[PDB]
file my_file-v1.txt (compact mmCIF, C-alpha atoms and all ligand atoms)
# COMPACT_ATOMS: atom_id res chain seq x y z
CA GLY A 3 0.00 0.00 0.00
CA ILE A 4 1.44 3.29 1.28
CA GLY A 5 5.23 2.93 1.12
CA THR A 6 7.10 3.08 4.44
CA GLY A 7 10.65 3.63 3.17
CA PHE A 8 12.54 6.94 3.14
CA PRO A 9 14.61 6.95 -0.08
CA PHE A 10 16.03 10.48 0.27
CA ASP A 11 19.69 11.46 0.42
CA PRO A 12 20.32 13.27 3.74
CA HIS A 13 21.26 16.93 3.35
CA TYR A 14 22.66 19.02 6.19
CA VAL A 15 22.85 22.78 6.60
CA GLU A 16 24.28 24.65 9.56
CA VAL A 17 21.81 27.13 11.07
CA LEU A 18 22.74 29.25 14.11
CA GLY A 19 25.49 26.78 15.01
CA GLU A 20 23.35 23.62 14.80
CA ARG A 21 22.88 21.25 11.86
CA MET A 22 19.45 20.81 10.35
CA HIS A 23 18.80 17.75 8.21
CA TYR A 24 16.69 18.30 5.12
CA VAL A 25 15.49 16.53 1.98
CA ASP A 26 16.42 18.27 -1.29
CA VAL A 27 15.20 16.75 -4.57
CA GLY A 28 13.97 17.91 -7.95
CA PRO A 29 15.09 20.44 -10.57
CA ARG A 30 17.25 23.34 -9.44
CA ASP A 31 16.21 25.90 -12.08
CA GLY A 32 12.73 27.01 -10.96
CA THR A 33 10.92 28.03 -7.78
CA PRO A 34 11.25 25.48 -4.94
CA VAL A 35 8.53 23.99 -2.77
CA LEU A 36 9.29 24.06 0.97
CA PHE A 37 7.69 21.29 3.08
CA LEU A 38 7.19 22.05 6.80
CA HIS A 39 6.14 19.23 9.14
CA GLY A 40 4.78 19.58 12.69
CA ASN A 41 4.43 17.63 15.98
CA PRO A 42 5.43 14.81 16.45
CA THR A 43 6.48 14.16 12.85
CA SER A 44 9.56 14.90 10.74
CA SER A 45 10.16 15.25 7.01
CA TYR A 46 9.29 11.52 6.97
CA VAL A 47 5.62 12.56 6.87
CA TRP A 48 6.16 14.04 3.39
CA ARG A 49 7.82 10.87 2.08
CA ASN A 50 4.87 9.78 -0.09
CA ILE A 51 3.78 13.24 -1.27
CA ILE A 52 7.18 14.41 -2.49
CA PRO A 53 7.58 11.82 -5.32
CA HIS A 54 4.52 13.36 -7.03
CA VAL A 55 6.12 16.83 -7.02
CA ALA A 56 9.81 16.01 -7.49
CA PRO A 57 9.50 15.35 -11.28
CA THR A 58 8.66 19.03 -11.91
CA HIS A 59 9.64 21.12 -8.87
CA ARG A 60 12.29 21.29 -6.18
CA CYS A 61 11.22 19.77 -2.86
CA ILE A 62 12.92 20.99 0.35
CA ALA A 63 11.82 19.22 3.56
CA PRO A 64 13.71 20.17 6.73
CA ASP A 65 13.57 18.44 10.07
CA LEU A 66 12.74 21.05 12.71
CA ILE A 67 15.41 21.84 15.28
CA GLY A 68 15.45 19.17 17.98
CA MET A 69 13.44 16.73 15.84
CA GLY A 70 14.12 14.13 13.17
CA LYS A 71 17.75 13.99 12.09
CA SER A 72 18.47 17.60 13.04
CA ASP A 73 20.66 18.49 16.00
CA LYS A 74 18.93 18.58 19.37
CA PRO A 75 20.30 21.38 21.56
CA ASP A 76 19.00 21.97 25.09
CA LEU A 77 16.33 24.52 24.16
CA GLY A 78 12.89 25.31 25.49
CA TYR A 79 11.55 24.56 21.99
CA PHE A 80 8.87 27.23 22.17
CA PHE A 81 7.27 28.27 18.90
CA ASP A 82 9.56 31.31 18.74
CA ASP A 83 12.62 29.07 18.95
CA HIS A 84 11.47 27.27 15.81
CA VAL A 85 10.67 30.63 14.21
CA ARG A 86 14.26 31.80 14.66
CA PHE A 87 15.72 28.53 13.41
CA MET A 88 13.41 28.36 10.39
CA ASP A 89 14.07 31.96 9.30
CA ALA A 90 17.78 31.23 9.50
CA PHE A 91 17.28 27.91 7.65
CA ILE A 92 15.48 29.64 4.80
CA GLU A 93 18.26 32.20 4.50
CA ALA A 94 21.02 29.57 4.77
CA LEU A 95 19.82 27.85 1.57
CA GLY A 96 19.56 31.26 -0.12
CA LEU A 97 15.92 30.71 -0.98
CA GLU A 98 14.27 33.82 -2.40
CA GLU A 99 10.84 32.76 -3.63
CA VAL A 100 9.20 29.51 -2.56
CA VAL A 101 5.87 27.72 -2.58
CA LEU A 102 4.84 26.54 0.90
CA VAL A 103 3.42 23.12 1.78
CA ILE A 104 2.83 23.29 5.51
CA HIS A 105 1.15 21.14 8.16
CA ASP A 106 0.42 21.27 11.92
CA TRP A 107 3.10 23.42 13.59
CA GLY A 108 4.90 23.77 10.26
CA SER A 109 1.82 25.66 9.11
CA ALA A 110 2.16 28.10 12.02
CA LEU A 111 5.77 28.52 10.95
CA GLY A 112 4.99 28.82 7.24
CA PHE A 113 2.10 31.24 7.57
CA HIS A 114 4.08 33.38 10.03
CA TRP A 115 7.08 33.54 7.68
CA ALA A 116 4.73 34.27 4.78
CA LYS A 117 3.24 37.24 6.62
CA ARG A 118 6.73 38.70 7.07
CA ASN A 119 7.80 37.92 3.46
CA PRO A 120 4.74 38.49 1.24
CA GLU A 121 6.62 39.11 -2.01
CA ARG A 122 8.55 35.83 -1.59
CA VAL A 123 5.63 33.36 -1.30
CA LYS A 124 4.28 32.22 -4.67
CA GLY A 125 1.78 29.79 -3.13
CA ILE A 126 0.64 28.08 0.10
CA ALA A 127 -0.74 24.55 0.22
CA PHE A 128 -1.87 23.82 3.78
CA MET A 129 -3.65 21.11 5.75
CA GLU A 130 -4.62 20.58 9.42
CA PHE A 131 -3.04 23.93 10.19
CA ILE A 132 -2.78 25.86 13.46
CA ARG A 133 -5.76 28.18 13.97
CA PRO A 134 -7.06 29.90 17.13
CA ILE A 135 -9.25 27.46 19.06
CA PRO A 136 -11.49 29.83 21.07
CA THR A 137 -12.77 27.30 23.65
CA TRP A 138 -12.03 23.68 24.46
CA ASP A 139 -15.42 22.78 22.93
CA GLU A 140 -13.96 23.53 19.47
CA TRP A 141 -11.32 20.81 20.16
CA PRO A 142 -12.35 17.24 19.23
CA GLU A 143 -14.08 15.57 22.17
CA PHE A 144 -12.25 12.23 21.94
CA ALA A 145 -8.92 14.03 22.53
CA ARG A 146 -10.23 16.81 24.80
CA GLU A 147 -9.19 15.27 28.11
CA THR A 148 -5.82 14.09 26.84
CA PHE A 149 -4.54 17.41 25.52
CA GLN A 150 -5.82 19.07 28.70
CA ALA A 151 -3.58 16.60 30.53
CA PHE A 152 -0.71 17.40 28.15
CA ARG A 153 -0.96 21.12 29.04
CA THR A 154 0.18 20.72 32.64
CA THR A 155 3.73 21.01 33.96
CA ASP A 156 3.36 17.92 36.18
CA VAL A 157 1.12 15.25 34.61
CA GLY A 158 1.83 16.30 31.02
CA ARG A 159 5.58 15.89 31.33
CA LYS A 160 5.10 12.43 32.84
CA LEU A 161 2.91 11.43 29.88
CA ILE A 162 4.88 12.96 27.02
CA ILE A 163 8.47 12.87 28.33
CA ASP A 164 8.58 9.90 30.75
CA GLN A 165 6.11 7.57 29.00
CA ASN A 166 6.30 9.04 25.43
CA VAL A 167 2.53 9.03 24.90
CA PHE A 168 2.59 11.60 22.08
CA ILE A 169 4.62 9.14 19.99
CA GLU A 170 3.21 5.80 21.17
CA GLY A 171 -0.42 6.82 21.66
CA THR A 172 -1.35 10.22 20.26
CA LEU A 173 0.45 9.79 16.93
CA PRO A 174 -1.43 6.64 15.79
CA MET A 175 -4.63 8.21 17.10
CA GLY A 176 -3.95 11.00 14.61
CA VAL A 177 -4.18 8.65 11.59
CA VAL A 178 -7.30 6.77 10.47
CA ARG A 179 -5.42 3.77 9.06
CA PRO A 180 -3.03 1.83 11.33
CA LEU A 181 0.63 2.77 11.29
CA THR A 182 2.95 -0.17 10.59
CA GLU A 183 5.89 -1.10 12.82
CA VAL A 184 8.40 0.27 10.31
CA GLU A 185 6.57 3.61 10.30
CA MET A 186 6.39 3.69 14.10
CA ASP A 187 10.12 2.96 14.29
CA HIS A 188 10.79 5.81 11.87
CA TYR A 189 8.77 8.21 14.00
CA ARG A 190 10.32 6.88 17.25
CA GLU A 191 13.96 7.15 16.12
CA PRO A 192 14.56 10.85 17.00
CA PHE A 193 13.09 10.50 20.50
CA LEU A 194 14.55 7.28 21.84
CA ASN A 195 16.32 9.30 24.54
CA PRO A 196 13.71 10.82 26.90
CA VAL A 197 15.64 14.08 27.39
CA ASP A 198 15.22 14.70 23.64
CA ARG A 199 11.43 14.80 24.09
CA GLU A 200 11.19 18.44 25.18
CA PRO A 201 9.66 19.53 21.81
CA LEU A 202 6.96 16.84 22.00
CA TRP A 203 5.67 18.51 25.18
CA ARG A 204 6.16 22.23 24.49
CA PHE A 205 4.18 22.20 21.21
CA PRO A 206 0.86 21.14 22.83
CA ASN A 207 1.61 23.78 25.48
CA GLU A 208 1.97 26.30 22.62
CA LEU A 209 -1.35 25.39 20.95
CA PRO A 210 -3.65 28.46 20.83
CA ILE A 211 -6.53 26.93 22.79
CA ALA A 212 -8.87 29.05 24.91
CA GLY A 213 -6.69 32.14 24.53
CA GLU A 214 -3.51 30.58 25.96
CA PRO A 215 -0.70 31.22 25.31
CA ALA A 216 -1.83 34.80 24.68
CA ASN A 217 1.24 35.59 22.57
CA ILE A 218 0.70 32.50 20.41
CA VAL A 219 -2.98 33.40 20.05
CA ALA A 220 -2.09 36.93 18.90
CA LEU A 221 0.61 35.65 16.53
CA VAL A 222 -1.77 33.12 14.96
CA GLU A 223 -4.73 35.51 14.72
CA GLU A 224 -2.45 37.96 12.93
CA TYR A 225 -1.44 35.65 10.12
CA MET A 226 -4.99 34.29 9.86
CA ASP A 227 -6.07 37.88 9.20
CA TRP A 228 -3.17 38.33 6.77
CA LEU A 229 -4.29 35.15 5.00
CA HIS A 230 -7.85 36.48 4.72
CA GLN A 231 -6.33 39.61 3.12
CA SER A 232 -3.70 38.05 0.84
CA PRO A 233 -4.18 37.20 -2.86
CA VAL A 234 -1.58 34.36 -2.64
CA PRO A 235 -2.76 31.15 -4.37
CA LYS A 236 -4.06 28.82 -1.66
CA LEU A 237 -4.64 25.07 -1.67
CA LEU A 238 -6.41 23.65 1.40
CA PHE A 239 -6.71 19.91 2.10
CA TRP A 240 -9.24 18.63 4.62
CA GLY A 241 -10.58 15.35 5.99
CA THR A 242 -13.39 13.96 8.14
CA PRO A 243 -13.62 14.32 11.07
CA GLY A 244 -10.24 16.02 11.19
CA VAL A 245 -8.62 17.25 14.39
CA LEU A 246 -7.53 20.88 14.08
CA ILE A 247 -9.84 21.63 11.13
CA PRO A 248 -13.33 20.09 11.32
CA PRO A 249 -15.08 19.93 7.95
CA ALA A 250 -17.37 22.85 8.87
CA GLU A 251 -14.35 25.13 9.41
CA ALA A 252 -12.69 23.94 6.19
CA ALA A 253 -15.88 24.68 4.25
CA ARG A 254 -16.08 28.16 5.79
CA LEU A 255 -12.44 28.96 4.96
CA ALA A 256 -12.83 27.56 1.42
CA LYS A 257 -15.07 30.53 0.59
CA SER A 258 -13.74 33.19 2.96
CA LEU A 259 -10.11 32.89 1.75
CA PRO A 260 -9.08 34.52 -1.56
CA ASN A 261 -7.83 32.30 -4.41
CA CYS A 262 -8.60 29.21 -2.39
CA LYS A 263 -9.08 25.73 -3.82
CA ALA A 264 -10.25 23.10 -1.34
CA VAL A 265 -9.66 19.37 -1.69
CA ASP A 266 -11.47 16.64 0.25
CA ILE A 267 -9.01 13.79 0.88
CA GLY A 268 -11.59 11.53 2.53
CA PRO A 269 -11.29 10.07 6.03
CA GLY A 270 -8.61 11.82 8.05
CA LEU A 271 -7.67 13.08 11.46
CA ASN A 272 -4.51 15.17 11.83
CA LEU A 273 -1.79 13.49 9.76
CA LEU A 274 -3.69 13.71 6.50
CA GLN A 275 -0.40 12.89 4.77
CA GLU A 276 -0.66 9.36 6.18
CA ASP A 277 -4.29 8.68 5.22
CA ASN A 278 -4.23 9.78 1.56
CA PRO A 279 -0.76 10.79 0.33
CA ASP A 280 -1.64 9.97 -3.29
CA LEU A 281 -4.39 12.59 -3.61
CA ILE A 282 -2.41 15.25 -1.75
CA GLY A 283 0.67 14.75 -3.93
CA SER A 284 -1.22 14.58 -7.23
CA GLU A 285 -3.23 17.69 -6.32
CA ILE A 286 -0.16 19.64 -5.20
CA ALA A 287 1.64 18.84 -8.46
CA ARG A 288 -1.34 19.78 -10.64
CA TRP A 289 -1.88 22.94 -8.56
CA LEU A 290 1.79 23.86 -9.00
CA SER A 291 1.51 23.64 -12.77
CA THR A 292 -1.15 26.39 -12.63
CA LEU A 293 1.02 28.92 -10.76
CA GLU A 294 3.33 31.51 -12.31
CA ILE A 295 6.52 29.94 -11.02
CL CL A 301 0.95 19.93 19.38
call {"tool": "encode", "arguments": {"input": "my_file-v1.txt", "output": "structure tokens", "more": "lines below"}}
Ligand SMILES: [Cl-]
result
Amino acid sequence: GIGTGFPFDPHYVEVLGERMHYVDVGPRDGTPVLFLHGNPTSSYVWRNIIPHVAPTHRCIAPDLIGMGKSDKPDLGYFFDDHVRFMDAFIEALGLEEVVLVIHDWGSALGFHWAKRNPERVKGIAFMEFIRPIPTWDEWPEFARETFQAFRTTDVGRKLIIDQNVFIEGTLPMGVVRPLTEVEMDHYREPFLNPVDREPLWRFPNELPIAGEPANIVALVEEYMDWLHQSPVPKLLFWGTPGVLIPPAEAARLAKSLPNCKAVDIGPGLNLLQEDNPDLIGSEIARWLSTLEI
């Protein structure tokens, strides 16, 4: 079925004194497509979408600082930490104009960068992105208790850091189809050492849920407003029931956002890339052929 291997040559770039691993494939002459993963994934999540796009466009898929095959310094791994490291990563590869393909926390990165560099973003494909969740009722009920547990300095760290629940439990619960043992091992590899699991816990404590953290809420609201006011070509993927984006919200945004094409990928939760990579890749490639890049 959905291939579990990772047939990509490892690329490394030094960013603020640390090395960041990244996938780099495709032609070098045009505009490149930058793939940003989230929590608790790596560039491995893009492994079955990239081969659809590589024939025609450059694919760049970094592992976030502290995750995947990137270096893992002793940082707090707040959202701002990733913002600094991703700005410096984009400048280290001398990328001028890019097309964004962003998911989960990568979306919060991508969108934020796009707000600060409007002339440099030729297109944004996004899925299960970070939006402001006004109350806990807008969070899916089946996960509502668990993320509330995750957002505590005592119980949450025992779950995510000591017992590694975000990798062993939450991650498969974010995919409709079952993850194979090879896939689980690939996702487990960067966090075999518990001390390296700080990012797995800080991200859910950065989620803009119920107005906290206030700075993250403001930051996210700002680029959501910028998105509602930008003419950038937009491609939005959504699934049922979803996690961050329920179908109702996706439908709303499909009309409220300028130049927005929506694509229903079928059953999905949060890692839509794992439930229907074929459709996402084919749609991204066809969408890319319609841009002026
Ligand atoms: Cl999270």
call {"tool": "residues_near_ligand", "arguments": {"input": "my_file-v1.txt", "ligand": "ligand CL 301 (chain A)", "cutoff": "6 Å", "atoms": "only C-alpha atoms and all ligand atoms", "output": "mmCIF file with C-alpha atoms, in the coordinates of the input"}}
result
data_model
loop_
_atom_site.group_PDB
_atom_site.id
_atom_site.type_symbol
_atom_site.label_atom_id
_atom_site.label_comp_id
_atom_site.auth_asym_id
_atom_site.auth_seq_id
_atom_site.Cartn_x
_atom_site.Cartn_y
_atom_site.Cartn_z
ATOM 1 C CA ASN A 41 4.430 17.630 15.980
ATOM 2 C CA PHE A 205 4.180 22.200 21.210
ATOM 3 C CA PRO A 206 0.860 21.140 22.830
#
call {"tool": "residues_around", "arguments": {"input": "my_file-v1.txt", "residues": "residue A:142", "least_positions_apart": "4", "cutoff": "8 Å", "atoms": "all atoms listed in the file", "output": "list in words"}}
result
residues 146, 245 and 246 of chain A
call {"tool": "residues_near_point", "arguments": {"input": "my_file-v1.txt", "point": "(19.7, 14.2, -4.5)", "cutoff": "10 Å", "atoms": "all atoms listed in the file", "output": "PyMOL selection string"}}
result
chain A and resi 9-13+25-29
call {"tool": "residues_near_point", "arguments": {"input": "my_file-v1.txt", "point": "(6.3, 10.6, 15.1)", "cutoff": "12 Å", "atoms": "only C-alpha atoms", "output": "PDB file with C-alpha atoms, in the frame of the given file"}}
result
ATOM      1  CA  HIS A  39       6.140  19.230   9.140  1.00  0.00           C
ATOM      2  CA  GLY A  40       4.780  19.580  12.690  1.00  0.00           C
ATOM      3  CA  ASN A  41       4.430  17.630  15.980  1.00  0.00           C
ATOM      4  CA  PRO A  42       5.430  14.810  16.450  1.00  0.00           C
ATOM      5  CA  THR A  43       6.480  14.160  12.850  1.00  0.00           C
ATOM      6  CA  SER A  44       9.560  14.900  10.740  1.00  0.00           C
ATOM      7  CA  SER A  45      10.160  15.250   7.010  1.00  0.00           C
ATOM      8  CA  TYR A  46       9.290  11.520   6.970  1.00  0.00           C
ATOM      9  CA  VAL A  47       5.620  12.560   6.870  1.00  0.00           C
ATOM     10  CA  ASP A  65      13.570  18.440  10.070  1.00  0.00           C
ATOM     11  CA  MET A  69      13.440  16.730  15.840  1.00  0.00           C
ATOM     12  CA  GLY A  70      14.120  14.130  13.170  1.00  0.00           C
ATOM     13  CA  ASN A 166       6.300   9.040  25.430  1.00  0.00           C
ATOM     14  CA  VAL A 167       2.530   9.030  24.900  1.00  0.00           C
ATOM     15  CA  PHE A 168       2.590  11.600  22.080  1.00  0.00           C
ATOM     16  CA  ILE A 169       4.620   9.140  19.990  1.00  0.00           C
ATOM     17  CA  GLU A 170       3.210   5.800  21.170  1.00  0.00           C
ATOM     18  CA  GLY A 171      -0.420   6.820  21.660  1.00  0.00           C
ATOM     19  CA  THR A 172      -1.350  10.220  20.260  1.00  0.00           C
ATOM     20  CA  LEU A 173       0.450   9.790  16.930  1.00  0.00           C
ATOM     21  CA  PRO A 174      -1.430   6.640  15.790  1.00  0.00           C
ATOM     22  CA  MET A 175      -4.630   8.210  17.100  1.00  0.00           C
ATOM     23  CA  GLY A 176      -3.950  11.000  14.610  1.00  0.00           C
ATOM     24  CA  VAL A 177      -4.180   8.650  11.590  1.00  0.00           C
ATOM     25  CA  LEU A 181       0.630   2.770  11.290  1.00  0.00           C
ATOM     26  CA  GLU A 183       5.890  -1.100  12.820  1.00  0.00           C
ATOM     27  CA  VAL A 184       8.400   0.270  10.310  1.00  0.00           C
ATOM     28  CA  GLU A 185       6.570   3.610  10.300  1.00  0.00           C
ATOM     29  CA  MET A 186       6.390   3.690  14.100  1.00  0.00           C
ATOM     30  CA  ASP A 187      10.120   2.960  14.290  1.00  0.00           C
ATOM     31  CA  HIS A 188      10.790   5.810  11.870  1.00  0.00           C
ATOM     32  CA  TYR A 189       8.770   8.210  14.000  1.00  0.00           C
ATOM     33  CA  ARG A 190      10.320   6.880  17.250  1.00  0.00           C
ATOM     34  CA  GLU A 191      13.960   7.150  16.120  1.00  0.00           C
ATOM     35  CA  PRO A 192      14.560  10.850  17.000  1.00  0.00           C
ATOM     36  CA  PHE A 193      13.090  10.500  20.500  1.00  0.00           C
ATOM     37  CA  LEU A 194      14.550   7.280  21.840  1.00  0.00           C
ATOM     38  CA  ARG A 199      11.430  14.800  24.090  1.00  0.00           C
ATOM     39  CA  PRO A 201       9.660  19.530  21.810  1.00  0.00           C
ATOM     40  CA  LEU A 202       6.960  16.840  22.000  1.00  0.00           C
ATOM     41  CA  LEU A 273      -1.790  13.490   9.760  1.00  0.00           C
ATOM     42  CA  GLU A 276      -0.660   9.360   6.180  1.00  0.00           C
TER      43      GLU A 276
END
call {"tool": "atom_distance", "arguments": {"input": "my_file-v1.txt", "atom1": "atom CA of residue A:225", "atom2": "atom CA of residue A:110"}}
result
8.6 Å
call {"tool": "closest_atom_pairs", "arguments": {"input": "my_file-v1.txt", "of": "stretch 16-90 of chain A", "to": "stretch 116-131 of chain A", "cutoff": "10 Å", "atoms": "only C-alpha atoms", "output": "CSV"}}
result
residue,atom,partner,partner_atom,distance
A:33,CA,A:124,CA,8.4
A:34,CA,A:124,CA,9.7
A:35,CA,A:125,CA,8.9
A:36,CA,A:126,CA,9.6
A:37,CA,A:127,CA,9.5
A:38,CA,A:128,CA,9.7
A:40,CA,A:131,CA,9.3
call {"tool": "closest_residue", "arguments": {"input": "my_file-v1.txt", "among": "A:244, A:32, A:233, A:7", "to": "residue A:258", "atoms": "only C-alpha atoms"}}
result
A:233
call {"tool": "closest_residue", "arguments": {"input": "my_file-v1.txt", "among": "A:155, A:234, A:262, A:211", "to": "residue A:100", "atoms": "all atoms listed in the file"}}
result
A:234
call {"tool": "atom_distance", "arguments": {"input": "my_file-v1.txt", "atom1": "atom CA of residue A:269", "atom2": "atom CA of residue A:228"}}
result
29.4 Å
call {"tool": "atom_distance", "arguments": {"input": "my_file-v1.txt", "atom1": "atom CA of residue A:261", "atom2": "atom CA of residue A:60"}}
result
23.0 Å
